[PDB]
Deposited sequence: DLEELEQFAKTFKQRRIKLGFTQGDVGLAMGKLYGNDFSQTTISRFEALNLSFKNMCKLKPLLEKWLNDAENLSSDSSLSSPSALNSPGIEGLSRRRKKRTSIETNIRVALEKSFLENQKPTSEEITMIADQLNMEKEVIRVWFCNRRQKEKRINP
């Protein structure tokens, strides 16, 4: 429930730093503990209660565990120019075909997947511009 997490977040911040652990370590420690590591950003945000109640309830355990006991694909950096060609392409055809997508990943040196996702995100951005 509410306060329960309110506190856990706090005591966790104390114990963590006292034990000589940066959010950076804490994140990556869970890496060699569960598979998916957590960037410093997520750790910081969890401490500052800067996350959704659900995400907060989801993360408490994982962390809480780590605390006492101790006592995902890499983000593709879409470059400015590729982002442009992508935008150009989108302006011509919003919902590209699988093969078309493949064709683009081919001409733009990047993984096919990063493109399908971009086209889905773009269609989402588009909705926020024209409901």
item: Gaps in the model (deposited sequence, numbered from 1); value: 72 to 96
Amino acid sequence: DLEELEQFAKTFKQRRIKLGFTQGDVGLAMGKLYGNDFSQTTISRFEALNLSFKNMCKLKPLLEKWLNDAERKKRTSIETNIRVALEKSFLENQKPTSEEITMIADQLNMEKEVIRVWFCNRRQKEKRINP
From here on, numbers count along this sequence of modelled residues.
{"query": "Per the entry, higher mean C-alpha B factor between 110 to 118 and 13 to 21", "finding": "13 to 21"}
{"query": "Higher-B stretch (mean Cα B-factor, as the entry records it), 37 to 45 or 72 to 80", "finding": "72 to 80"}
{"query": "Maximum C-alpha temperature factor, selected from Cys57, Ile104, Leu51, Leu28", "finding": "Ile104"}
{"query": "Record-listed C-alpha B factor of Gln7: chain third", "finding": "highest"}
{"query": "Modelled-residue ranking by C-alpha temperature factor, third containing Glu87", "finding": "lowest"}
